[PDB]
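Engineer: For reference, the structure I am asking about is given below.
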Number of protein chains: 4
Amino acid sequence: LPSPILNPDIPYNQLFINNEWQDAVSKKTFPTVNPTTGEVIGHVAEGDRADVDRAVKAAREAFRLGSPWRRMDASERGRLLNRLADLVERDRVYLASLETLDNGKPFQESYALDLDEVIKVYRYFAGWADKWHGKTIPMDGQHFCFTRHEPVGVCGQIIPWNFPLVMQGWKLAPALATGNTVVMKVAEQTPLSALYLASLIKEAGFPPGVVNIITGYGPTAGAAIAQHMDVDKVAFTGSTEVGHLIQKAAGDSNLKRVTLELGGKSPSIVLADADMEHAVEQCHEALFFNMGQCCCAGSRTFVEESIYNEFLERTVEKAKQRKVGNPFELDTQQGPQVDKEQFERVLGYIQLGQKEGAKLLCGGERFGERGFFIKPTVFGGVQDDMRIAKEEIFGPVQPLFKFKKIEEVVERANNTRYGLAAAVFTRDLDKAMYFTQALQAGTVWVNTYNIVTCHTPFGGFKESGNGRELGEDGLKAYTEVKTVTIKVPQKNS
Amino acid sequence: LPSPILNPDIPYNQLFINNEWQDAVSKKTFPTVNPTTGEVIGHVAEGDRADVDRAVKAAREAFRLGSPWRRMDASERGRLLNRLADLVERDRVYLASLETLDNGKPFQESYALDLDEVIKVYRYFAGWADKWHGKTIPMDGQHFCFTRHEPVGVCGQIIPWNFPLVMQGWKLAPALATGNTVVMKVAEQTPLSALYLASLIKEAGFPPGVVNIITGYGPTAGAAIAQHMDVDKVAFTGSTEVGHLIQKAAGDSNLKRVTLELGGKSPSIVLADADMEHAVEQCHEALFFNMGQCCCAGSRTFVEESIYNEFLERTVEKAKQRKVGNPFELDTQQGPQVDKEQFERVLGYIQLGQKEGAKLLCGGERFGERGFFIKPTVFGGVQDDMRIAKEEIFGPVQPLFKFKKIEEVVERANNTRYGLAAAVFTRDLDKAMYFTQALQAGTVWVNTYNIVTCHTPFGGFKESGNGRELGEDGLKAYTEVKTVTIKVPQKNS
Amino acid sequence: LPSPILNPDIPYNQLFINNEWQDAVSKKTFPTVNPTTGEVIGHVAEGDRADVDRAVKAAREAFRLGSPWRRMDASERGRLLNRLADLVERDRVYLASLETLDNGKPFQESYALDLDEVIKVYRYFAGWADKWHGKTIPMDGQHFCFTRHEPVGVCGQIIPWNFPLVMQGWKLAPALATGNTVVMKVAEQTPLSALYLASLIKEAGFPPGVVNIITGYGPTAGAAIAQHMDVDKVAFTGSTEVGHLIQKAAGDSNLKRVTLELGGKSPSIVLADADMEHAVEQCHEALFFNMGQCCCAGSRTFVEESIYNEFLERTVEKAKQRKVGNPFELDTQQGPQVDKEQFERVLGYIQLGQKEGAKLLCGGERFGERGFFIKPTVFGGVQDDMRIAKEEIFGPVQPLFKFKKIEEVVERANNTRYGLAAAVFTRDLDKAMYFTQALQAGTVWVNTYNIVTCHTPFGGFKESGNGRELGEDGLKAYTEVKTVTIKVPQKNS
Amino acid sequence: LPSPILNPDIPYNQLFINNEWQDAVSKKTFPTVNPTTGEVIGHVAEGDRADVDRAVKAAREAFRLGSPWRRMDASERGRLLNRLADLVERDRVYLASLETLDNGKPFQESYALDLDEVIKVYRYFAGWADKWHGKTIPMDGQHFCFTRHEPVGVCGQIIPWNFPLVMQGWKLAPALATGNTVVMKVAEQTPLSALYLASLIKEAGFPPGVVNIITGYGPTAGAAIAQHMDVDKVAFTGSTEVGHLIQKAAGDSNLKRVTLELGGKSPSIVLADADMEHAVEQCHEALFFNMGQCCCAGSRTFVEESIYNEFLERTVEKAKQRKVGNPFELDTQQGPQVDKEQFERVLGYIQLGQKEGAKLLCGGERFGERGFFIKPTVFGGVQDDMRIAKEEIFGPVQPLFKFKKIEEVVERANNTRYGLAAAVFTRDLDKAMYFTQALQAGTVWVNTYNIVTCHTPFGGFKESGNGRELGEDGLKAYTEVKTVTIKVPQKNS
Ligand SMILES: NC(=O)c1ccc[n+]([C@@H]2O[C@H](COP(=O)([O-])OP(=O)(O)OC[C@H]3O[C@@H](n4cnc5c(N)ncnc54)[C@H](O)[C@@H]3O)[C@@H](O)[C@H]2O)c1
Ligand SMILES: COc1ccccc1-c1c[n+](-c2ccc(-c3ccccc3)cc2)c2n1CCCCN2
Ligand code: NA
Ligand code: NA
């Protein structure tokens with residue numbers, strides 16, 4: 001509910017390396033475009049391989065035995081994370097406003113959702129810093145055996161544009177809690193907010209080199225991180241397509257540890273006994289949240305025969321009702337899509353939907369004639385074999401599906417190489433308990449959707465990812481287990 | 001459906017101490033009665049304080065730093081518990097016959113349920129023996145910190161008669177897996193099967209004095225254990241009143257650790273939307289299982305008012321057809337109560353129910369003319385103020401209660417000093433999820449009853465207990481935690 | 001290093017109940033005496049049983065199903081704890097000054113040690129609030145099984161006078177992190193600091209009733225808590241003597257869960273290969289810390305033959321060197337003892353030491369003639385059979401012991417009903433590894449002493465206590481495990 | 001000292017698929033050679049991609065939702081793994097004889113070490129099967145949240161020849177305990193013992209297609225598994241170079257999860273204050289154990305300069321007396337290398353060491369004239385730049401290095417792309433504690449070597465691996481975590 005800053009000052013537009021604001025070696029820059037107007041907000045440094053090298057070198061120095069970062073109490077890593085949270089909260093209006101400027105998401109979402117979870121993810125992992133225990137192990141023989149939960153080391157972190165601050169949090173927070181150093185490559189489309197955050201990292205007191213931020217393109221900077229021979233781990237969030245190239249690059253370089261957080265085509269499933277009104281609203285936001293550009297979006301809405309006409313009819317009405325407009329307006333629900341390419345990609349899929357024989361129920365075209373706005377779009381009578389049913393559209397397009405039986409809707413929902421998330425809406429206990437086992441997805445929701453918090457481990461089955469972020473389970477990926485085994489004069493229980 | 005052994009060889013009738021069969025210092029015996037016939041089976045050693053002191057010395061010595069049992073690999077404690085389970089399997093028919101002889105439960109229970117769980121509990125904890133890890137802890141300062149999950153030491157174990165072999169296993173399996181030594185005091189009513197198990201403990205290869213079994217009366221042998229200045233821990237399963245005393249003896253003697261597993265007045269709650277046929281059957285067996293002598297018996301049946309009369313009629317029907325008879329007949333559903341005293345107590349409670357204004361619906365008197373059999377009894381119209389509603393009857397009496405609202409039946413189910421168990425029957429997701437929170441009991445079942453296995457932590461809220469047994473959580477009471485904190489020259493993460 | 005407030009305003013001197021400052025029902029008060037001058041600082045409310053009843057009633061209302069405290073996110077319990085930390089830090093000079101006024105400990109200790117650990121313990125458990133997970137359990141049959149880690153409920157907490165704020169932290173922080181409500185009875189000798197803290201609890205935003213503070217006497221208020229029929233748990237820190245009465249009272253009342261943190265006579269053990277200078281200094285502070293009034297104080301210093309004369313000689317010199325005086329002076333190392341009784345108790349033990357044939361090497365008498373100061377006192381040639389060797393003196397008296405062999409010093413160190421802590425000083429690996437297994441104490445230190453932090457579980461073997469505080473292990477005592485078990489239509493791995 | 005079986009019956013020479021013995025689709029075989037004699041033993045089926053596809057279909061079907069293996073109690077997966085261990089015990093002499101026949105290791109190794117660990121690993125993981133718990137998570141909002149520790153699914157398992165039975169067990173035991181299905185590709189050099197184990201898997205009672213064993217070449221059969229679009233996970237133990245490829249095949253195919261257990265150049269480090277006799281013996285056996293063909297072989301021996309010459313002379317002495325000969329002679333300490341190719345490779349490295357300027361001290365050529373035997377070889381004067389210092393020789397060659405300072409030898413021990421293991425020999429507490437932190441390897445030993453058991457997480461830093469095997473930590477790679485988040489009507493703590 002506070003009011004935003006409509007023309008924020010953007011002091012930070014350079015590379016953040018070893019706590020110093022820095023131009024690319026090449027001195028090159030590249031523009032970021034405000035998607036609500038189509039106009040150039042400003043220019044940021046265009047980092048390439050040579051800048052990744054400087055960043056990796058600094059993060060390596062910060063990770064070396066006896067560095068300040070390695071020697072500080074685990075609890076001091078906690079306090080630093082906690083202070084960062086406090087700084088984010090202090091500058092919450094600014095940060096959420098900058099997010100809306102650069103990303104285009106509504107300011108209500110940006111302030112009340114994104115920034116809130118950013119603050120929480122930093123606070124949450126602040127708490128884990130000194131509670132991530134190893135084991136003492138009653139092994140055979142005259143031994144004292146235990147494990148250390150050491151950091152894995154220099155982590156390369158690559159994130160997308162859909163939730164810039166949140167995706168940065170998800171990566172930085174657990175990596176820092178566990179004592180790693182970071183070289184992070186943020187999306188080309190949304191470089192600004194992450195840079196203001198790096199100023200807060202400096203203000204918070206993190207040693208130089210522990211966090212380094214690189215703005216630039218994916219195939220240049222990013223491939224440089226994935227391919228780098230002195231990066232111990234890459235944590236990648238992005239398209240399934242690019243995921244394939246990251247795991248390859250790891251095998252091609254130095255066998256760096258890999259976590260992948262990838263695409264999805266997540267099914268919401270409404271049984272006939274569900275609270276209709278609630279299921280229609282949840283499935284509606286399941287897809288339309290963040291202008292359809294959420295990775296775990298409910299992008300296939302499956303609906304039982306007995307209730308499909310009513311469900312369809314109310315869903316259409318909700319799409320038509322959703323406020324589209326300037327995201328700085330408090331009641332805007334859908335901002336523009338992120339850029340020209342994403343915008344045309346989505347209109348292309350709308351066109352494709354119709355060519356394939358899917359029934360267009362509303363929208364289906366540009367909204368207005370400035371920026372990259374698209375009318376909320378719903379498709380009826382979609383079938384499993386259609387391109388719009390199999391591929392990640394990543395936009396405000398809701399395809400509806402009809403089903404009769406439980407066995408059928410399980411098979412159809414799981415018949416995909418994706419497996420990021422899934423949801424069921426039902427009043428019945430046994431049905432809900434069965435769906436939680438049957439659906440092949442990293443997160444299964446019951447009578448809700450998109451409830452991903454700092455506490456909840458999150459990741460794909462199959463080609464939606466490899467490994468888990470958030471919660472206690474999110475720490476494993478940032479941990480290199482060492483087993484210490486010591487000969488003792490006598491063992492006793 | 002295997003065949004029982006009737007009137008079999010019973011060599012073990014003495015105290016098991018430091019792996020040698022011994023009578024009490026005073027040379028006394030006491031009789032044990034077959035509840036089916038009413039006839040004395042044999043006499044058994046009558047342990048008192050001087051015998052307990054003997055057993056405590058044996059336990060203390062087997063637990064001394066450097067002993068075989070302390071120095072042994074944790075995995076070998078595993079292999080021993082597993083050998084024990086193999087031996088119980090080999091002699092399964094003999095033990096199931098012996099329990100039925102001495103306690104009175106049907107051979108179909110004794111063989112298929114009791115003995116199966118006994119094997120499973122030695123087997124389950126055999127596996128925990130070498131997996132119960134301490135922690136490495138990234139504390140402040142220039143320190144390596146870790147914890148050892150050491151055994152507490154000499155553990156006094158006092159069990160009841162209702163599941164003589166199961167209760168012995170619930171005690172011995174976790175205690176030995178964590179490497180303690182045991183002085184066990186078996187119930188006076190059911191001494192025989194626990195002594196035969198002791199012969200297998202010896203055959204398995206447990207060092208002398210690790211397990212020490214004592215037969216005797218509670219006020220002498222039990223109280224010597226609870227009051228002993230060299231018992232490190234008491235684990236007690238029995239009556240709430242005796243539990244009060246056990247806790248007082250620990251405070252009056254040596255501040256030994258105390259786990260208490262006490263009585264219940266556990267409610268089964270049947271909502272309007274439940275599967276009627278299933279709910280009737282489940283709540284019938286919740287009470288009458290093991291002749292109403294189960295600690296977690298569903299000894300109050302609360303039923304929603306719209307389905308009350310239907311549930312009532314079906315419940316009386318099912319009580320009228322329960323097969324009462326000789327427990328060696330493979331199809332007897334109900335054996336005799338365990339001794340004269342228990343039999344008369346339950347008859348007293350039937351009478352009491354009638355004088356309080358509760359409607360007797362069936363049974364309500366002795367069955368037959370030899371042994372200690374009671375007809376399955378059901379009461380209707382029961383109120384919360386009645387003594388049969390408040391007190392643990394511990395026999396074949398099923399009181400039925402009527403409720404209208406959710407909020408009313410939670411208050412009434414929880415309005416008791418007890419909290420061992422509870423159960424709900426419903427098809428509704430939301431209602432099930434609310435009751436699992438709202439009911440104050442250590443185990444809440446949904447659409448089932450009495451499902452307590454080696455994996456499931458079991459114990460009481462309020463005066464139904466202190467601590468938990470079974471599962472990983474059952475290991476905590478048998479652990480003394482030692483923190484070890486060592487100056488190191490330089491700490492790195 | 002900041003300067004203290006020498007005459008702090010003491011606005012809070014009443015009972016804290018349901019967020020309201022409150023006189024005892026009786027309107028009675030009792031004085032607290034400044035131990036450095038012998039003069040009455042002021043009067044606080046004298047709570048008795050009737051005031052405990054009002055406190056318990058309020059904490060019960062705050063714990064009821066659907067209360068604000070029970071419904072708030074676990075993470076909001078974290079934030080509240082974290083804000084409390086922030087408030088303690090804000091008012092750190094005041095609080096540490098008030099502690100020195102009422103307790104008499106040096107302001108350097110009070111500020112740099114006590115207050116620091118108070119801030120950390122609140123911050124540490126703030127982090128645990130939303131990370132204390134239960135289990136999902138792959139049990140036998142067609143079941144979904146999991147455990148809830150519910151709060152145990154209304155916790156009675158009774159603490160001593162030696163570290164008023166710290167002992168309050170150790171109790172409040174984990175109890176609140178896990179969602180319990182509290183009725184706390186603080187020591188009669190040191191009521192003031194805990195009351196200022198309760199104002200911070202209110203300022204932080206904790207719901208009314210969640211924390212209640214009672215000032216008053218042990219046998220009146222305190223026994224009332226231990227004996228209370230609606231208190232679910234008592235956590236007691238105090239004398240072993242009173243511990244016995246708490247566990248009794250629990251058995252005598254409602255079987256409330258009991259944790260006991262009791263006395264000690266902890267041995268430090270210096271082997272011949274230890275860094276002499278360092279061992280002399282560590283063993284010196286091991287006892288003399290907090291004027292000898294630390295519970296885990298190294299109150300028996302065992303020293304190897306080859307090095308005893310040198311060790312003795314340097315230890316004596318350190319005792320004589322230790323600055324005694326006004327605790328508000330920055331370089332004071334030893335303040336006065338807490339009150340007249342403790343003061344004479346210690347001088348009594350000094351007298352007793354000499355009567356028993358122990359060799360007085362320095363001090364042995366009052367220091368000056370105002371307040372309750374005692375000269376640092378060391379005894380040579382102490383033997384295991386002397387009263388000064390067996391009993392908790394709780395003052396600035398260091399007895400030295402000589403030993404030859406490792407087996408011997410193990411037996412002598414463990415030959416006591418106490419077992420709170422222990423320490424060894426040695427350069428040798430195998431020796432250190434052996435001592436960590438052999439010594440029967442809840443904390444074993446290697447080449448240091450008194451390193452107890454929020455991370456490190458802490459408690460007695462034998463009659464030094466029952467259960468553990470601090471670290472992850474500190475949460476178990478404040479947890480009531482509930483096992484939920486649900487019948488499902490089909491189980492799959 | 002039990003007696004081996006020479007030239008025994010070997011019925012199993014084909015593929016094990018869906019519990020039926022089958023040849024390859026192409027009907028081809030390949031030979032296996034006895035490294036002792038040099039003579040062909042028998043021929044074995046040559047699996048290729050079409051055979052793998054067959055095996056993947058069998059694994060996929062046994063893993064389908066609702067199958068016997070999915071629906072089975074976790075505890076029964078336990079009991080099956082345990083039956084398997086009983087059967088391996090029954091046929092222990094036959095298997096130990098068969099491993100010695102096919103691989104060449106001494107029967108004293110094969111019987112007493114290898115087979116013992118195999119039994120222990122099936123036994124250890126049998127116990128984990130029903131104890132691998134997920135979590136209940138007190139997340140934000142009106143939600144019950146929990147995790148399921150589901151199996152990842154079809155697991156491709158590729159093992160080497162150096163410990164044919166041990167490596168098979170390290171793979172199958174954890175994977176089956178967590179309820180996966182397996183397609184295993186056994187080494188071409190050592191196919192026989194793994195097929196006999198398959199006969200016991202069938203006798204134990206594992207459902208069809210749960211375990212599927214394939215004999216064949218790496219580039220065909222191995223690569224079909226790593227590249228298959230329906231294998232969910234690859235676990236690979238072998239060479240670093242092949243590990244690179246495995247990681248690339250996963251990225252190029254279906255983003256299957258990858259665990260890699262790769263090569264080493266693990267250093268043993270002997271400080272001046274170490275037990276000389278013990279250190280010589282330990283570092284000698286660290287290298288020559290299993291004929292120098294142990295992944296974690298102590299293949300660099302760094303020795304403090306003050307004790308260098310003494311250590312050198314004693315080490316050559318111990319190399320000169322190692323009993324080289326027929327591995328059925330019970331007292332042979334060293335069998336032959338495994339095949340022609342390995343034999344020539346190691347001879348090449350001996351020669352290479354001489355041309356680089358390293359002093360040959362003993363052996364350094366073929367032993368005898370039949371089979372593939374090499375004399376124990378030691379080099380002195382070795383430098384870090386030499387190829388024998390950098391490359392994994394994987395045979396009976398012990399390079400000796402000289403160091404002065406602590407800081408120097410950590411840098412040099414860590415200066416490698418490898419990090420499987422390391423070890424220190426010292427009596428000093430502080431020095432041991434520093435090395436356990438400072439060395440970059442997944443296992444650090446202190447005053448021992450090669451102590452890897454079922455309890456101890458094992459794996460590489462850097463290019464020695466990704467992830468860990470053995471212990472509780474080894475279960476994580478075989479787990480797909482599912483978060484389940486359910487709307488509830490009211491949340492209470
Ligand atoms: N293990 C630990 O964590 C730890 C820490 C600090 C102090 N201590 C111990 O505390 C003791 C010193 O403090 P203390 O003298 O105040 O001990 P204490 O036993 O006299 O009193 C402790 C607290 O309990 C109260 N109390 C006294 N009698 C009571 C009764 N009958 N019922 C209920 N409460 C009663 C007191 O008022 C006080 O608040 C020493 O033995 C010391 O070793 C232990
Ligand atoms: C608030 O402090 C305590 C409360 C109870 C028990 C022990 C301590 C304690 C004593 N100590 C001390 C105090 C003084 C010394 C010391 C030793 C040698 C020379 C000077 C001071 C060491 C530890 C600590 N702590 C706790 C926090 C960790 C840091 N240190
Ligand atoms: Na932009
Ligand atoms: Na005072």
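Within each chain, counting starts at residue 1; across the structure tokens, chains are named A, B, ... in the order shown, with ligands numbered 1 upward in that order.
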I need the contact residues of chain D against chain B, so if you could list those with any atom within 8 Å, counting only C-alpha atoms, and return them as number ranges by chain, that would help.
Structural biologist: D: 124, 126-128, 130-131, 430, 433-434, 437, 455, 472, 488-490, 492
Engineer: How about saving the chosen residues, N, CA, C and O atoms kept, as a compact mmCIF listing (two decimals), in the first residue's frame?
Structural biologist:
# COMPACT_ATOMS: atom_id res chain seq x y z
N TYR D 124 23.81 -52.69 6.27
CA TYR D 124 23.72 -51.31 6.75
C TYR D 124 22.55 -50.60 6.09
O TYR D 124 21.71 -49.98 6.77
N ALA D 126 20.02 -51.99 4.32
CA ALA D 126 18.80 -52.68 4.77
C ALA D 126 18.11 -51.91 5.92
O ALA D 126 16.90 -51.71 5.91
N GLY D 127 18.91 -51.45 6.89
CA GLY D 127 18.40 -50.69 8.02
C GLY D 127 17.94 -49.27 7.69
O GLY D 127 17.04 -48.77 8.35
N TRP D 128 18.55 -48.61 6.70
CA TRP D 128 18.12 -47.27 6.29
C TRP D 128 16.80 -47.24 5.53
O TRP D 128 16.12 -46.22 5.51
N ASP D 130 13.75 -48.10 5.87
CA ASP D 130 12.51 -47.58 6.51
C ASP D 130 12.74 -46.47 7.55
O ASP D 130 11.87 -46.25 8.40
N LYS D 131 13.88 -45.77 7.46
CA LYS D 131 14.24 -44.67 8.39
C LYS D 131 14.61 -43.34 7.71
O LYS D 131 15.01 -42.38 8.39
N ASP D 430 46.79 -30.12 17.90
CA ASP D 430 46.63 -28.92 17.06
C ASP D 430 46.95 -29.14 15.61
O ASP D 430 46.20 -28.68 14.73
N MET D 433 44.12 -31.24 13.96
CA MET D 433 42.93 -30.43 13.75
C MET D 433 43.07 -29.45 12.59
O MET D 433 42.09 -29.17 11.91
N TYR D 434 44.29 -28.96 12.35
CA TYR D 434 44.52 -28.03 11.23
C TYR D 434 44.47 -28.74 9.89
O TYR D 434 43.87 -28.23 8.94
N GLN D 437 41.03 -29.67 8.43
CA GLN D 437 40.41 -28.52 7.75
C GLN D 437 41.07 -28.19 6.43
O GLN D 437 40.39 -27.91 5.44
N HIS D 455 29.37 -46.84 6.84
CA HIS D 455 28.93 -45.66 7.61
C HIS D 455 29.53 -44.33 7.12
O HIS D 455 29.01 -43.28 7.46
N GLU D 472 24.51 -42.14 5.70
CA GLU D 472 23.25 -41.43 5.47
C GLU D 472 23.33 -40.47 4.29
O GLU D 472 22.37 -40.30 3.56
N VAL D 488 -5.04 -25.42 4.75
CA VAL D 488 -5.79 -25.93 5.90
C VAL D 488 -6.71 -24.80 6.39
O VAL D 488 -6.50 -23.62 6.04
N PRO D 489 -7.76 -25.16 7.13
CA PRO D 489 -8.74 -24.13 7.50
C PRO D 489 -8.19 -23.19 8.56
O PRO D 489 -8.39 -21.97 8.49
N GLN D 490 -7.48 -23.75 9.53
CA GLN D 490 -6.82 -22.96 10.53
C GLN D 490 -5.51 -23.63 10.94
O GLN D 490 -5.51 -24.81 11.29
N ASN D 492 -2.58 -24.11 13.57
CA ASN D 492 -2.06 -23.96 14.91
C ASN D 492 -0.72 -24.64 15.03
O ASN D 492 -0.46 -25.66 14.38
Engineer: Compile the contact shell of residue 53 (chain A) as a PyMOL selection string: residues with an atom at most 12 Å away, counting only C-alpha atoms, same-chain residues fewer than 3 positions apart removed.
Structural biologist: chain A and resi 17+24-25+47-50+56-60+156+183+212+214+221-231
Engineer: Find the spatial neighbours of residue 297 (chain C), counting only C-alpha atoms, within a cut-off of 10 Å - ignore same-chain residues fewer than 4 positions away - and output them as a short mmCIF file (atom, residue, chain, number, x, y, z; two decimals) with N, CA, C and O atoms, in the first residue's frame.
Structural biologist:
data_model
loop_
_atom_site.label_atom_id
_atom_site.label_comp_id
_atom_site.auth_asym_id
_atom_site.auth_seq_id
_atom_site.Cartn_x
_atom_site.Cartn_y
_atom_site.Cartn_z
N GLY C 263 23.62 -28.37 40.06
CA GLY C 263 24.98 -28.11 40.47
C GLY C 263 26.07 -28.91 39.79
O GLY C 263 25.83 -29.73 38.88
N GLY C 264 27.29 -28.63 40.23
CA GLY C 264 28.47 -29.32 39.73
C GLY C 264 29.68 -29.18 40.64
O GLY C 264 29.71 -28.35 41.56
N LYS C 265 30.66 -30.02 40.38
CA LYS C 265 31.98 -29.94 40.98
C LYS C 265 32.92 -30.40 39.87
O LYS C 265 33.52 -31.48 39.93
N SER C 266 33.01 -29.56 38.85
CA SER C 266 33.59 -29.94 37.57
C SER C 266 35.11 -29.94 37.66
O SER C 266 35.70 -28.97 38.16
N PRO C 267 35.76 -31.02 37.17
CA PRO C 267 37.21 -31.09 37.18
C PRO C 267 37.87 -30.54 35.91
O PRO C 267 37.49 -30.93 34.80
N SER C 268 38.84 -29.63 36.08
CA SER C 268 39.85 -29.38 35.05
C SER C 268 41.08 -30.27 35.33
O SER C 268 41.45 -30.48 36.48
N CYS C 283 42.65 -22.64 33.95
CA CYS C 283 42.20 -23.19 35.21
C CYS C 283 41.92 -22.10 36.23
O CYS C 283 40.98 -22.22 37.02
N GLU C 285 40.78 -18.94 35.57
CA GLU C 285 39.45 -18.37 35.24
C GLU C 285 38.34 -19.43 35.31
O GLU C 285 37.20 -19.08 35.61
N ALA C 286 38.67 -20.69 35.04
CA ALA C 286 37.72 -21.80 35.15
C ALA C 286 36.98 -21.75 36.48
O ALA C 286 35.78 -21.99 36.53
N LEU C 287 37.69 -21.42 37.55
CA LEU C 287 37.05 -21.27 38.86
C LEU C 287 36.66 -19.84 39.18
O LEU C 287 35.56 -19.60 39.65
N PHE C 288 37.57 -18.90 39.00
CA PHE C 288 37.35 -17.54 39.49
C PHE C 288 36.34 -16.72 38.67
O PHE C 288 35.84 -15.69 39.17
N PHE C 289 36.00 -17.18 37.46
CA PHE C 289 34.93 -16.55 36.68
C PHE C 289 33.62 -16.38 37.49
O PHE C 289 33.16 -17.29 38.20
N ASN C 290 33.07 -15.18 37.38
CA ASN C 290 31.87 -14.76 38.06
C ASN C 290 31.95 -14.92 39.60
O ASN C 290 30.97 -15.32 40.25
N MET C 291 33.12 -14.60 40.15
CA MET C 291 33.42 -14.70 41.58
C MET C 291 33.25 -16.11 42.13
O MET C 291 32.74 -16.29 43.23
N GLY C 292 33.64 -17.10 41.35
CA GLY C 292 33.38 -18.51 41.69
C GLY C 292 31.95 -19.03 41.62
O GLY C 292 31.73 -20.21 41.92
N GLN C 293 31.00 -18.20 41.20
CA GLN C 293 29.56 -18.50 41.23
C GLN C 293 29.07 -18.91 39.84
O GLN C 293 27.97 -18.55 39.44
N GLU C 392 29.78 -28.32 46.53
CA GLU C 392 29.77 -27.09 45.78
C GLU C 392 29.88 -25.90 46.73
O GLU C 392 28.91 -25.52 47.40
N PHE C 394 30.92 -22.74 45.65
CA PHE C 394 30.28 -21.65 44.89
C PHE C 394 30.88 -20.29 45.23
O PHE C 394 30.18 -19.30 45.48
N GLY C 395 32.21 -20.25 45.23
CA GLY C 395 32.92 -19.04 45.59
C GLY C 395 34.37 -19.09 45.17
O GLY C 395 34.80 -20.07 44.58
N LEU C 420 28.42 -32.05 35.52
CA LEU C 420 28.01 -30.95 34.69
C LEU C 420 29.05 -30.70 33.61
O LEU C 420 28.72 -30.63 32.43
N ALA C 421 30.30 -30.57 34.00
CA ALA C 421 31.34 -30.29 33.03
C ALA C 421 32.67 -30.86 33.43
O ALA C 421 32.83 -31.39 34.52
N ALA C 422 33.61 -30.80 32.50
CA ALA C 422 34.97 -31.26 32.73
C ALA C 422 35.88 -30.71 31.65
O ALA C 422 35.43 -30.29 30.59
N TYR C 449 38.05 -23.65 28.59
CA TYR C 449 37.06 -23.82 29.65
C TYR C 449 35.96 -22.78 29.50
O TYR C 449 36.21 -21.67 29.02
N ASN C 450 34.73 -23.12 29.92
CA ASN C 450 33.61 -22.16 30.00
C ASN C 450 33.12 -21.65 28.62
O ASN C 450 32.48 -20.61 28.52
#
Engineer: So which residues are near ligand 1, meaning at most 6 Å away with only C-alpha atoms and all ligand atoms counted, given back as number ranges by chain?
Structural biologist: C: 158-161, 185-188, 217-219, 222-223, 237-240, 242, 261-264, 295, 459
Engineer: In region 109-338 of chain B, what's helix (DSSP H, G or I) per DSSP? Answer as a PyMOL selection string?
Structural biologist: chain B and resi 109-128+164-177+192-204+218-226+240-252+276-292+305-320
